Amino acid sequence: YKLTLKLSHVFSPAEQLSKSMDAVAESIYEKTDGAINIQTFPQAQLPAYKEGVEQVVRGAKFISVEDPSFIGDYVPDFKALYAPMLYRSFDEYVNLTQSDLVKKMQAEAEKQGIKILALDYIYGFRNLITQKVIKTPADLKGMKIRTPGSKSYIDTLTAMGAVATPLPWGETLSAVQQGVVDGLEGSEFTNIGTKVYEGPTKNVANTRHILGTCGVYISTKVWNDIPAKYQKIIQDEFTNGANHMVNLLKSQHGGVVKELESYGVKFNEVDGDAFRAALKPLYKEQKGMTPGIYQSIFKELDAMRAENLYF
């Protein structure tokens, strides 16, 4: 048995997302004795964002690695999973992805032709990156902030008080340099990995408005033709790779902040409650969502927090 798969994502070689995909692909190749050959293609040189997910839906020999908002048009519950200001830590989100609730969402994705291998390639809390000290939604008035091109991001930055400007990453950094947008948003790992800090935007507001994470998607039609012994290896290696990425970035974050600070980046806290109030209206069911999905998510998060507090 032989299968070759093209894996596409938008990240740069210096970023851990890219390094993790390479490591997992190599591990799977080795552990399957060459039977499963996943080749990686960084920096959106192949179809990416929704175009990558489209290849998956259309049954290509393809793995798309994108945040869950990019499967939300096909499986609307994933819009709720990627809602803003839900998660307080990487661990909360990992825990939620292991819940029966999220397993049910994965089953919904399979019915739409999308096999989800992971949801928790976490690349960090996304923060505002601008030339200003932003503390409240009022501070964002008139500021054009680049976001990725999905409704989740557009709605989030709009509700936060900005002029959301949805653009692929490739159209972003020069746009920031030229003032076509006033800033952007992303994790400290994105900031350092793509050298956002070498540009004019060296103020980071710790809004943590979205927990940036990639899922890993493959067509059910392709998946179902893979012998079970190789399915298990592919699945185990993607799960292990996510765990490693999450633990690594958790470890690195303090150092990354210090290194960014050494390059002149200045971090500030925000009025969290003010941003939470601005965003609360976004927790509304959209067509195709499971009735009560937000309430179900909140119930899980509340329970894990309650148990943590107790112990």
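The numbering used is simple: start at 1 and walk along the sequence shown.
In the PDB record, does 79-87 or 117-125 carry the higher mean Cα temperature factor?
-> Averaged over C-alpha atoms, the B-factors run higher in 79-87.
Taking only the CA atoms, which stretch has the higher mean B-factor in the record, 97-105 or 185-193?
-> Taking the mean B-factor of the alpha carbons in each, 97-105 is higher.
C-alpha B-factor winner, where the candidates are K284, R58, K50, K61 = Spelled out: the listed residue with the top C-alpha B-factor is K284.
Name the residue from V246, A35, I38, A44 with the greatest C-alpha temperature factor listed in the entry.
-> Each of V246, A35, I38, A44 was compared by C-alpha B-factor; the highest is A35.
Once the chain's modelled residues are ordered by C-alpha B factor and cut into thirds, is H9 in the lowest, middle or highest one?
-> As the PDB entry reports it, the C-alpha B-factor of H9 lands in the lowest third of its chain.
Third of the chain's Cα B-factor distribution that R146 belongs to, per the entry = Its C-alpha B-factor belongs to the lowest third of this chain's values.
Divide the modelled residues of the chain into thirds by Cα B-factor and specify which third, lowest, middle or highest, holds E171.
-> Lowest third, going by the recorded CA B-factors of the chain.
Consider only the C-alpha atoms of the modelled residues in this chain, order them by B-factor as the entry records it, and name the third containing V65: lowest, middle or highest.
-> Answer is lowest: the recorded C-alpha B-factor places it there.
Relative C-alpha B-factor of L17, binned into the chain's lowest, middle or highest third | CA B-factor rank for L17: lowest third.
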